[PDB]
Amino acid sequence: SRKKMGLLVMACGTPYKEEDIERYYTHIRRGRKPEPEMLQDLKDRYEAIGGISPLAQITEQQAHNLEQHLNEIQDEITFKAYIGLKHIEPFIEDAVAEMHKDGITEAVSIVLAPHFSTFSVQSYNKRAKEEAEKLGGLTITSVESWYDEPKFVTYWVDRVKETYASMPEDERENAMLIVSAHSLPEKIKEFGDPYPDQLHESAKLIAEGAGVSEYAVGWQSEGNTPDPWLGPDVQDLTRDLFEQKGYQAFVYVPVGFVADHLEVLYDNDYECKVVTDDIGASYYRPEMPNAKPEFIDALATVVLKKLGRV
């Protein structure tokens, strides 16, 4: 008799259509509606990267493929996936309430972001556990980080190796690897937040496995509050490294992100590409994991290790 468990898969969320941009960004901006010029700019950015609908499908495909793969690779537990999002429905609290309604009493959760931080992961896990306590009769064990799962490191190692192998010889010998995640306010350091240290370790592990001796760590997508954010930003970092040593190719691995959305398809593939085009360097950014089987198997291993079953 297989034990039934909920599988709570958490992520940032995306709009589902253009008419959701206003409410999604209002939520991100803590209740402040974007001005009309910003709404129009955002619509244009989503159009430029191919549209909203495909981006909105990825978390669903990740959760569905993870549920089915976990149920196939072991015989003790039957998982059912529930998606809980930060900035649009279904919200984290909606997902926990659905688990409770459906008779789930025991769940494991994972955030689709590999590094722990106090701003994101800790907040998602605390929200899920508080809703479970309010409803009663349900407990959640939560994954806190997974950047160091060997199967996840290997996903990026093999993509980097392929990109370097594809380069002309002069590029391969004069290239720079930039490994990045979403910036946060520097003030997280007051709490001892390990997020920066974990990004640096991701970068070390990926460069090491791929045999890439020249690499750098940067941040992207910072906000505009007056307090300093973690830097350097990838755009400034790229230009500075070019001025120092004249690299002919830049390879971007935004390891903090696991799915296509604006902060990769725009903040790397447009904003960093503007800089590389300006300095005459080639631009490379290997594929995001999305719902590919190699990545799903890494996530399933993370979950089963957390439960002590591997």
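Numbering starts at 1 and runs along the sequence shown.
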property	result
Higher-scoring stretch by recorded Cα B factor average, 105-113 or 215-223	215-223
202-210 versus 166-174 - which carries the larger mean C-alpha B factor in the record	166-174
Residue, from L184, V160, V179, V121, that the PDB entry assigns the highest Cα B-factor	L184
Residue selected from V255, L66, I279, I28 by maximal Cα B factor	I279
Ranked against its chain, the third holding the CA B-factor of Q57	highest
B-factor third for the C-alpha atom of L135 within its chain	highest
Within-chain third of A298 by Cα B-factor, per the entry	lowest
Entry-reported Cα temperature factor of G84, expressed as the chain third it lands in	middle
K151, C-alpha B-factor rank within chain (lowest, middle or highest third)	lowest
